[PDB]
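Q: Got my_file-v1.cif for you, mmCIF, C-alpha atoms:
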data_entry
#
loop_
_atom_site.label_atom_id
_atom_site.label_comp_id
_atom_site.auth_asym_id
_atom_site.auth_seq_id
_atom_site.Cartn_x
_atom_site.Cartn_y
_atom_site.Cartn_z
CA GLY A 1 88.34 115.87 97.31
CA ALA A 2 89.70 112.71 98.96
CA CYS A 3 86.31 110.94 98.67
CA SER A 4 86.69 111.07 94.86
CA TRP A 5 89.99 109.10 94.99
CA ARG A 6 91.18 105.53 94.90
CA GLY A 7 91.40 104.53 98.57
CA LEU A 8 88.02 105.83 99.79
CA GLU A 9 85.50 103.62 97.93
CA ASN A 10 82.65 102.40 100.17
CA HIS A 11 83.58 104.70 103.08
CA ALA A 12 81.00 105.95 105.60
CA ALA A 13 82.43 109.50 105.64
CA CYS A 14 81.98 109.78 101.82
CA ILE B 1 89.69 104.03 84.06
CA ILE B 2 90.67 107.46 82.70
CA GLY B 3 91.30 107.21 78.96
CA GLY B 4 92.18 103.79 77.61
CA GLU B 5 89.53 101.77 75.83
CA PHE B 6 86.30 99.90 76.39
CA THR B 7 86.64 96.17 76.62
CA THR B 8 84.69 93.05 77.50
CA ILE B 9 85.23 90.35 80.09
CA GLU B 10 86.82 87.93 77.56
CA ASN B 11 89.90 90.24 77.56
CA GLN B 12 90.16 90.16 81.37
CA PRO B 13 88.25 86.96 82.33
CA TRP B 14 89.70 86.97 85.89
CA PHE B 15 88.04 90.32 86.60
CA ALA B 16 85.58 90.24 89.52
CA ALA B 17 82.87 92.87 90.01
CA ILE B 18 82.12 93.45 93.72
CA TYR B 19 78.90 95.08 94.89
CA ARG B 20 77.26 95.81 98.21
CA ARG B 21 73.68 95.35 99.27
CA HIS B 22 72.03 98.03 101.28
CA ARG B 23 70.12 98.76 103.85
CA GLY B 24 66.75 98.59 102.19
CA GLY B 25 67.81 96.59 99.19
CA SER B 26 69.65 98.76 96.73
CA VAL B 27 72.89 97.30 95.39
CA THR B 28 75.84 99.51 94.51
CA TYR B 29 79.23 98.85 92.99
CA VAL B 30 82.15 98.79 95.45
CA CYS B 31 85.37 97.66 93.82
CA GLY B 32 87.09 95.31 91.41
CA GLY B 33 88.83 92.05 92.25
CA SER B 34 90.70 89.21 90.52
CA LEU B 35 89.91 85.49 90.49
CA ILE B 36 93.07 83.66 91.59
CA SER B 37 91.41 80.24 92.06
CA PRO B 38 87.84 78.95 91.56
CA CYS B 39 86.76 79.87 95.13
CA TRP B 40 89.01 82.91 95.80
CA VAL B 41 88.88 86.52 94.65
CA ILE B 42 91.65 88.93 95.67
CA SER B 43 90.96 92.66 96.15
CA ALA B 44 91.88 95.62 98.45
CA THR B 45 91.09 95.83 102.21
CA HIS B 46 90.11 99.54 101.90
CA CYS B 47 87.11 98.51 99.78
CA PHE B 48 85.59 96.67 102.77
CA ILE B 49 87.12 98.15 105.92
CA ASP B 50 84.23 100.39 106.78
CA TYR B 51 81.65 97.68 106.19
CA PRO B 52 83.37 94.43 106.96
CA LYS B 53 80.33 92.15 107.05
CA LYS B 54 80.58 89.43 104.35
CA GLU B 55 76.80 89.19 104.08
CA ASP B 56 76.68 92.67 102.62
CA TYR B 57 78.53 91.72 99.43
CA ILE B 58 77.83 90.18 96.04
CA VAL B 59 80.49 89.15 93.58
CA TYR B 60 80.07 88.56 89.88
CA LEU B 61 82.38 86.83 87.44
CA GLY B 62 82.00 86.92 83.65
CA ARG B 63 80.44 90.38 83.85
CA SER B 64 81.17 93.03 81.16
CA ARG B 65 78.62 95.64 82.24
CA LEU B 66 77.93 97.40 85.49
CA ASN B 67 74.19 97.44 85.77
CA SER B 68 73.06 94.87 83.33
CA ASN B 69 73.58 91.17 83.14
CA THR B 70 76.08 89.64 80.81
CA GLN B 71 75.46 86.29 79.20
CA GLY B 72 77.47 83.56 80.94
CA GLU B 73 78.00 85.51 84.20
CA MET B 74 78.00 83.92 87.64
CA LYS B 75 76.84 85.55 90.90
CA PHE B 76 78.30 84.71 94.28
CA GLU B 77 77.84 85.32 97.95
CA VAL B 78 80.90 85.90 100.09
CA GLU B 79 81.63 82.87 102.25
CA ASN B 80 84.53 84.60 103.96
CA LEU B 81 85.95 88.14 103.81
CA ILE B 82 89.57 88.23 104.93
CA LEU B 83 91.13 91.66 105.47
CA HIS B 84 94.78 92.19 106.18
CA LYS B 85 95.42 92.46 109.86
CA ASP B 86 98.14 95.01 109.34
CA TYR B 87 96.08 97.36 107.27
CA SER B 88 96.56 101.03 107.89
CA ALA B 89 95.69 104.26 106.24
CA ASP B 90 96.60 107.93 106.41
CA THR B 91 95.30 110.82 104.39
CA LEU B 92 96.66 109.01 101.41
CA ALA B 93 98.53 105.73 101.64
CA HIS B 94 96.89 102.49 102.50
CA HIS B 95 99.35 99.94 103.82
CA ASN B 96 98.83 96.23 103.35
CA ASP B 97 95.87 97.01 101.13
CA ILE B 98 94.96 93.45 100.27
CA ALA B 99 91.88 91.31 100.86
CA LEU B 100 90.58 87.91 100.01
CA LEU B 101 86.97 86.97 99.33
CA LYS B 102 86.01 83.31 99.38
CA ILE B 103 83.12 83.05 96.94
CA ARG B 104 80.19 80.64 97.01
CA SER B 105 76.96 80.61 95.01
CA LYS B 106 73.51 80.06 96.50
CA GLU B 107 73.78 76.55 95.29
CA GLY B 108 77.15 76.19 97.02
CA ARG B 109 79.52 76.30 94.13
CA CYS B 110 82.67 78.17 93.26
CA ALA B 111 83.51 79.51 89.85
CA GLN B 112 83.27 77.36 86.74
CA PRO B 113 85.92 78.40 84.22
CA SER B 114 84.67 79.39 80.78
CA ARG B 115 85.51 81.76 77.92
CA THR B 116 84.36 84.66 80.20
CA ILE B 117 85.63 83.30 83.58
CA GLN B 118 89.30 82.31 84.12
CA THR B 119 91.86 82.54 86.92
CA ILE B 120 94.94 84.82 86.81
CA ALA B 121 98.41 83.60 87.78
CA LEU B 122 100.12 85.00 90.82
CA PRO B 123 103.69 86.17 90.46
CA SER B 124 106.68 84.30 91.88
CA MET B 125 108.04 85.85 95.02
CA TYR B 126 109.71 89.21 94.84
CA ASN B 127 109.60 88.99 91.06
CA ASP B 128 108.33 92.07 89.29
CA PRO B 129 108.82 93.42 85.80
CA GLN B 130 111.43 96.10 85.25
CA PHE B 131 110.50 99.77 85.39
CA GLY B 132 109.03 101.11 82.15
CA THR B 133 107.27 97.76 81.56
CA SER B 134 103.78 98.30 80.14
CA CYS B 135 101.01 96.66 82.19
CA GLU B 136 97.21 96.64 81.88
CA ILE B 137 94.60 97.84 84.38
CA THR B 138 90.91 97.00 84.16
CA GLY B 139 87.75 98.21 85.91
CA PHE B 140 84.40 99.96 86.08
CA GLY B 141 85.96 103.05 87.67
CA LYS B 142 85.32 106.66 86.76
CA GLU B 143 86.19 107.88 83.27
CA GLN B 144 86.99 111.36 84.62
CA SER B 145 87.89 112.44 88.17
CA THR B 146 84.93 114.87 88.15
CA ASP B 147 82.36 112.27 87.00
CA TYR B 148 79.45 111.41 89.16
CA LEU B 149 78.72 108.12 87.48
CA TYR B 150 80.68 105.02 86.67
CA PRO B 151 80.80 103.79 83.06
CA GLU B 152 78.33 101.06 82.26
CA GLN B 153 80.84 99.14 80.13
CA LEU B 154 84.11 97.60 81.36
CA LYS B 155 87.31 99.48 80.47
CA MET B 156 91.01 98.83 80.35
CA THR B 157 94.18 100.78 79.72
CA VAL B 158 97.97 100.52 79.76
CA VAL B 159 100.27 102.08 82.32
CA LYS B 160 104.05 101.80 82.76
CA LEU B 161 105.73 100.63 85.98
CA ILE B 162 107.69 103.34 87.82
CA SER B 163 110.61 102.58 90.11
CA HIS B 164 110.40 102.85 93.86
CA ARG B 165 113.19 105.35 93.63
CA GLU B 166 111.35 107.60 91.15
CA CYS B 167 108.03 107.24 93.01
CA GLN B 168 109.53 108.10 96.43
CA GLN B 169 110.70 111.44 95.06
CA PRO B 170 109.17 114.29 96.92
CA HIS B 171 107.35 115.62 93.90
CA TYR B 172 105.75 112.22 93.49
CA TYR B 173 104.69 110.55 96.79
CA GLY B 174 107.74 110.76 99.02
CA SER B 175 107.62 108.39 101.97
CA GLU B 176 104.01 107.45 101.38
CA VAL B 177 105.13 104.79 98.90
CA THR B 178 106.65 101.69 100.54
CA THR B 179 108.51 98.70 99.08
CA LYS B 180 105.22 96.72 99.34
CA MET B 181 103.64 99.13 96.83
CA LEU B 182 104.17 99.61 93.09
CA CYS B 183 103.69 102.87 91.20
CA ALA B 184 102.49 102.96 87.61
CA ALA B 185 101.48 105.76 85.28
CA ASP B 186 101.24 107.03 81.72
CA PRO B 187 104.26 109.04 80.42
CA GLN B 188 101.86 111.91 79.56
CA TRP B 189 99.67 111.21 82.66
CA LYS B 190 96.71 110.95 80.24
CA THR B 191 95.38 107.52 81.30
CA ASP B 192 95.10 105.93 84.75
CA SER B 193 92.93 103.99 87.17
CA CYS B 194 90.46 106.03 89.18
CA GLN B 195 87.83 105.76 91.91
CA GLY B 196 85.90 102.54 91.55
CA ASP B 197 88.89 100.74 89.97
CA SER B 198 90.31 99.90 93.44
CA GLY B 199 90.77 96.22 94.15
CA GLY B 200 91.15 95.50 90.41
CA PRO B 201 94.10 93.92 88.57
CA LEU B 202 97.36 95.37 87.35
CA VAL B 203 98.42 92.63 84.92
CA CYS B 204 101.87 92.22 83.49
CA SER B 205 103.45 89.64 81.32
CA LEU B 206 106.12 87.90 83.25
CA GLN B 207 108.10 84.96 82.07
CA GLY B 208 105.57 84.71 79.30
CA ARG B 209 102.44 84.58 81.32
CA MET B 210 99.82 87.16 82.25
CA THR B 211 100.49 87.72 85.97
CA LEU B 212 98.69 89.60 88.75
CA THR B 213 101.49 92.06 89.55
CA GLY B 214 99.40 94.69 91.38
CA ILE B 215 96.03 95.49 92.96
CA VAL B 216 94.66 99.03 92.49
CA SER B 217 95.10 100.66 95.92
CA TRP B 218 95.47 104.42 95.99
CA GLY B 219 96.56 107.70 94.51
CA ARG B 220 96.07 111.45 94.53
CA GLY B 221 93.35 112.30 92.02
CA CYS B 222 93.56 110.44 88.77
CA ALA B 223 95.67 110.89 85.62
CA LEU B 224 97.33 113.79 87.42
CA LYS B 225 100.87 115.00 86.72
CA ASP B 226 103.51 113.57 89.12
CA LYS B 227 100.83 111.45 90.87
CA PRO B 228 101.01 107.80 89.75
CA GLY B 229 98.49 105.09 90.48
CA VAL B 230 99.70 103.09 93.48
CA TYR B 231 99.22 99.34 93.57
CA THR B 232 99.62 96.68 96.25
CA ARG B 233 102.73 94.73 95.28
CA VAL B 234 101.34 91.19 95.05
CA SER B 235 104.81 89.54 94.89
CA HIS B 236 105.49 90.74 98.50
CA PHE B 237 102.28 89.11 99.91
CA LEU B 238 102.57 85.49 98.69
CA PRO B 239 102.92 83.97 102.20
CA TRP B 240 99.84 85.93 103.36
CA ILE B 241 97.91 84.84 100.29
CA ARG B 242 98.89 81.23 100.58
CA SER B 243 98.08 80.98 104.20
CA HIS B 244 94.73 82.64 104.03
CA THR B 245 93.60 80.68 100.92
#
Once you've parsed the file, please lay out its structure as structure tokens.
A:
Amino acid sequence: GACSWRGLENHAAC
Amino acid sequence: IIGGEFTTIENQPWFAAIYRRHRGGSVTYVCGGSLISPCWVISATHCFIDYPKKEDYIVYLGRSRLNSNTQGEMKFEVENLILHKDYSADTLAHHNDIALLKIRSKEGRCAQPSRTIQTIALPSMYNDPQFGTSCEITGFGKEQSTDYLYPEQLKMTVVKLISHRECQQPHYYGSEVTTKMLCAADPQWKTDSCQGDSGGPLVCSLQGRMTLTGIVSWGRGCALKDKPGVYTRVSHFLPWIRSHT
């Protein structure tokens, strides 16, 4: 998923 | 870092390890960064956008391991956290994915250079290496896309710069990639940056000097065919960097 990618580190939705 | 090799901070002494305090006191790794002057670390806005409060962050220099101290390391608070005003993101691409952290210790000091702590040179404006140039990437990011944990030991690998023209191909990223981004990948797609490597350095030798050419920004999965790592193109942000530092 997107939460496992570069770009979404330290994101509330992940 | 998918594939590549384990390393220590002496091989990438500008590497900054950025963590966040919680919320009841646990501390977790956020992203990499690069020391560009004693008081300034450069990283990616996306690492901080959701939690922009400077007080939440801790930065370490001279650190070779994720959860254990390294001899010679220095720990810093974030005096200022400067995100790029023009930042934007879609499902994939992050535009203007660049951030500056002004670092200061509890005792009020910036970094003291040593064998484990050194600055990295910024490139000259609009000056990048040619496509196919081998560059290094460093970080504490996942070793496999499916991994739950980050590696305890710092890693690095080599990736080759891809042209804007090749990267904008539909099978690659199409319009998602802008001229302020740089693509880089392995010819066999077998090694790459991955989650947790964001904000870290893409270092290239330019005019005989190790230079901060890119900052790990985004990509679809990791070490995935036709899906390069995408890096903020540091040579297109020199006015922004100079002004904000």
Q: Need the shell around region 6-14 of chain A: protein/DNA/RNA residues with any atom at most 6 Å away, counting all atoms listed in the file. Skip same-chain ones fewer than 3 positions apart. Format as a PyMOL selection string?
A: (chain A and resi 3) or (chain B and resi 30+47+50+194-195+198+217-219)
Q: With 8 Å as the threshold, what does the neighbourhood of (85.4, 90.0, 79.3) contain in terms of residues, counting all atoms listed in the file? Coordinates are those of the file; answer as a tab-separated table (two decimals) with C-alpha atoms, keeping the file's coordinate frame.
A:
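This is the output file out-v6.tsv:
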chain	number	residue	atom	x	y	z
B	7	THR	CA	86.64	96.17	76.62
B	8	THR	CA	84.69	93.05	77.50
B	9	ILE	CA	85.23	90.35	80.09
B	10	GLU	CA	86.82	87.93	77.56
B	11	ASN	CA	89.90	90.24	77.56
B	12	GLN	CA	90.16	90.16	81.37
B	13	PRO	CA	88.25	86.96	82.33
B	15	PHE	CA	88.04	90.32	86.60
B	62	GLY	CA	82.00	86.92	83.65
B	63	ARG	CA	80.44	90.38	83.85
B	64	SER	CA	81.17	93.03	81.16
B	116	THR	CA	84.36	84.66	80.20
B	117	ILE	CA	85.63	83.30	83.58
B	154	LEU	CA	84.11	97.60	81.36
Q: Could you tell me, as an mmCIF file with C-alpha atoms, keeping the file's coordinate frame, exactly which residues end up selected when the PyMOL selection byres ((chain B) within 9 of (chain A)) is applied to this structure?
A:
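So result_29.cif came out as:
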data_model
loop_
_atom_site.group_PDB
_atom_site.id
_atom_site.type_symbol
_atom_site.label_atom_id
_atom_site.label_comp_id
_atom_site.auth_asym_id
_atom_site.auth_seq_id
_atom_site.Cartn_x
_atom_site.Cartn_y
_atom_site.Cartn_z
ATOM 1 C CA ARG B 20 77.260 95.810 98.210
ATOM 2 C CA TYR B 29 79.230 98.850 92.990
ATOM 3 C CA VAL B 30 82.150 98.790 95.450
ATOM 4 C CA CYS B 31 85.370 97.660 93.820
ATOM 5 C CA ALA B 44 91.880 95.620 98.450
ATOM 6 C CA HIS B 46 90.110 99.540 101.900
ATOM 7 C CA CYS B 47 87.110 98.510 99.780
ATOM 8 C CA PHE B 48 85.590 96.670 102.770
ATOM 9 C CA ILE B 49 87.120 98.150 105.920
ATOM 10 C CA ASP B 50 84.230 100.390 106.780
ATOM 11 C CA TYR B 51 81.650 97.680 106.190
ATOM 12 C CA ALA B 89 95.690 104.260 106.240
ATOM 13 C CA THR B 91 95.300 110.820 104.390
ATOM 14 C CA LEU B 92 96.660 109.010 101.410
ATOM 15 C CA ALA B 93 98.530 105.730 101.640
ATOM 16 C CA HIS B 94 96.890 102.490 102.500
ATOM 17 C CA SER B 145 87.890 112.440 88.170
ATOM 18 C CA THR B 146 84.930 114.870 88.150
ATOM 19 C CA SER B 193 92.930 103.990 87.170
ATOM 20 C CA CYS B 194 90.460 106.030 89.180
ATOM 21 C CA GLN B 195 87.830 105.760 91.910
ATOM 22 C CA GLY B 196 85.900 102.540 91.550
ATOM 23 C CA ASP B 197 88.890 100.740 89.970
ATOM 24 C CA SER B 198 90.310 99.900 93.440
ATOM 25 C CA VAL B 216 94.660 99.030 92.490
ATOM 26 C CA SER B 217 95.100 100.660 95.920
ATOM 27 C CA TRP B 218 95.470 104.420 95.990
ATOM 28 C CA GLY B 219 96.560 107.700 94.510
ATOM 29 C CA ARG B 220 96.070 111.450 94.530
ATOM 30 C CA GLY B 221 93.350 112.300 92.020
ATOM 31 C CA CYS B 222 93.560 110.440 88.770
ATOM 32 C CA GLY B 229 98.490 105.090 90.480
ATOM 33 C CA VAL B 230 99.700 103.090 93.480
#
Q: Please determine, counting only C-alpha atoms, which residue among B:164, B:178, B:155, B:45 has the shortest atom-to-atom distance to residue 88 (chain B).
A: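 Using only C-alpha atoms, residue 88 (chain B) sits closest to B:45.
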Q: For residue 239 (chain B), which of B:112, B:55, B:224, B:124 is the closest residue, counting all atoms listed in the file?
A: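 The closest residue to residue 239 (chain B) is B:124.
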Q: Hey, can I get the axis-aligned box for region 138-155 of chain B? All listed atoms, 8 Å padding on each side, centre and edge lengths in Å to one decimal, as lines of an AutoDock Vina configuration file.
A:
center_x = 84.6
center_y = 105.9
center_z = 84.6
size_x = 28.6
size_y = 33.9
size_z = 25.0
Q: What is the CA of residue 156 (chain B) to CA of residue 139 (chain B) distance in Å?
A: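 CA of residue 139 (chain B) lies 6.5 Å from CA of residue 156 (chain B).
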Q: When you count only C-alpha atoms, which of these residues is closest to residue 232 (chain B): B:114, B:213, B:119, B:105?
A: B:213
Q: Need the shell around residue 33 (chain B): protein/DNA/RNA residues with any atom at most 6 Å away, counting only C-alpha atoms. Skip same-chain ones fewer than 6 positions apart. Format as a list in words?
A: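 Within the cut-off, the hits are residues 15, 16, 42, 43, 199 and 200 of chain B.
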Q: With distances taken over all atoms listed in the file, which residue among B:228, B:24, B:141, B:38 lies nearest residue 103 (chain B)?
A: B:38
Q: I'd like the interatomic distance between CA of residue 95 (chain B) and CA of residue 58 (chain B), to a tenth of an Å.
A: 24.9 Å
Q: Could you tell me which residues the PyMOL selection byres ((chain B and resi 151) around 8) grabs in this file, written as number ranges by chain?
A: B: 66, 140-143, 149-150, 152-154
Q: Compile the contact shell of residue 76 (chain B) as a ChimeraX atom specification: residues with an atom at most 9 Å away, counting all atoms listed in the file, same-chain residues fewer than 3 positions apart removed.
A: /B:57-61,79,103-106,109-111
Q: Quick check, in Å to one decimal: how far apart do CA of residue 102 (chain B) and CA of residue 211 (chain B) lie?
A: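 Those two atoms sit 20.2 Å apart.
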Q: Would you mind putting back N, CA, C and O atoms on region 2-13 of chain A, then writing it out as a PDB file, keeping the file's coordinate frame?
A:
ATOM      1  N   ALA A   2      89.186 114.065  98.675  1.00  0.00           N
ATOM      2  CA  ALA A   2      89.700 112.710  98.960  1.00  0.00           C
ATOM      3  C   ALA A   2      88.673 111.607  98.677  1.00  0.00           C
ATOM      4  O   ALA A   2      89.040 110.519  98.222  1.00  0.00           O
ATOM      5  N   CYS A   3      87.396 111.893  98.932  1.00  0.00           N
ATOM      6  CA  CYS A   3      86.310 110.940  98.670  1.00  0.00           C
ATOM      7  C   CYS A   3      86.096 110.585  97.190  1.00  0.00           C
ATOM      8  O   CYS A   3      85.397 109.617  96.885  1.00  0.00           O
ATOM      9  N   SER A   4      86.683 111.371  96.288  1.00  0.00           N
ATOM     10  CA  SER A   4      86.690 111.070  94.860  1.00  0.00           C
ATOM     11  C   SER A   4      87.920 110.259  94.401  1.00  0.00           C
ATOM     12  O   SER A   4      88.119 110.087  93.198  1.00  0.00           O
ATOM     13  N   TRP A   5      88.742 109.778  95.338  1.00  0.00           N
ATOM     14  CA  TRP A   5      89.990 109.100  94.990  1.00  0.00           C
ATOM     15  C   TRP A   5      89.950 107.605  95.254  1.00  0.00           C
ATOM     16  O   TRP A   5      89.160 107.108  96.074  1.00  0.00           O
ATOM     17  N   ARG A   6      90.847 106.908  94.563  1.00  0.00           N
ATOM     18  CA  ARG A   6      91.180 105.530  94.900  1.00  0.00           C
ATOM     19  C   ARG A   6      91.669 105.512  96.336  1.00  0.00           C
ATOM     20  O   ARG A   6      92.541 106.304  96.697  1.00  0.00           O
ATOM     21  N   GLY A   7      91.099 104.619  97.138  1.00  0.00           N
ATOM     22  CA  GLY A   7      91.400 104.530  98.570  1.00  0.00           C
ATOM     23  C   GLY A   7      90.190 104.744  99.462  1.00  0.00           C
ATOM     24  O   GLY A   7      90.166 104.233 100.580  1.00  0.00           O
ATOM     25  N   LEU A   8      89.193 105.496  98.986  1.00  0.00           N
ATOM     26  CA  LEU A   8      88.020 105.830  99.790  1.00  0.00           C
ATOM     27  C   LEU A   8      86.683 105.299  99.252  1.00  0.00           C
ATOM     28  O   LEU A   8      85.626 105.762  99.663  1.00  0.00           O
ATOM     29  N   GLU A   9      86.727 104.283  98.388  1.00  0.00           N
ATOM     30  CA  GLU A   9      85.500 103.620  97.930  1.00  0.00           C
ATOM     31  C   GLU A   9      84.788 102.984  99.118  1.00  0.00           C
ATOM     32  O   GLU A   9      85.444 102.399  99.980  1.00  0.00           O
ATOM     33  N   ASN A  10      83.459 103.081  99.154  1.00  0.00           N
ATOM     34  CA  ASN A  10      82.650 102.400 100.170  1.00  0.00           C
ATOM     35  C   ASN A  10      83.030 102.832 101.596  1.00  0.00           C
ATOM     36  O   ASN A  10      83.159 102.000 102.498  1.00  0.00           O
ATOM     37  N   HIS A  11      83.227 104.138 101.779  1.00  0.00           N
ATOM     38  CA  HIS A  11      83.580 104.700 103.080  1.00  0.00           C
ATOM     39  C   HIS A  11      82.417 105.511 103.635  1.00  0.00           C
ATOM     40  O   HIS A  11      81.784 106.284 102.908  1.00  0.00           O
ATOM     41  N   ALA A  12      82.153 105.328 104.927  1.00  0.00           N
ATOM     42  CA  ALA A  12      81.000 105.950 105.600  1.00  0.00           C
ATOM     43  C   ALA A  12      81.040 107.478 105.537  1.00  0.00           C
ATOM     44  O   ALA A  12      80.012 108.115 105.301  1.00  0.00           O
ATOM     45  N   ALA A  13      82.231 108.049 105.703  1.00  0.00           N
ATOM     46  CA  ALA A  13      82.430 109.500 105.640  1.00  0.00           C
ATOM     47  C   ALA A  13      82.318 110.131 104.245  1.00  0.00           C
ATOM     48  O   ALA A  13      82.420 111.354 104.124  1.00  0.00           O
TER      49      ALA A  13
END
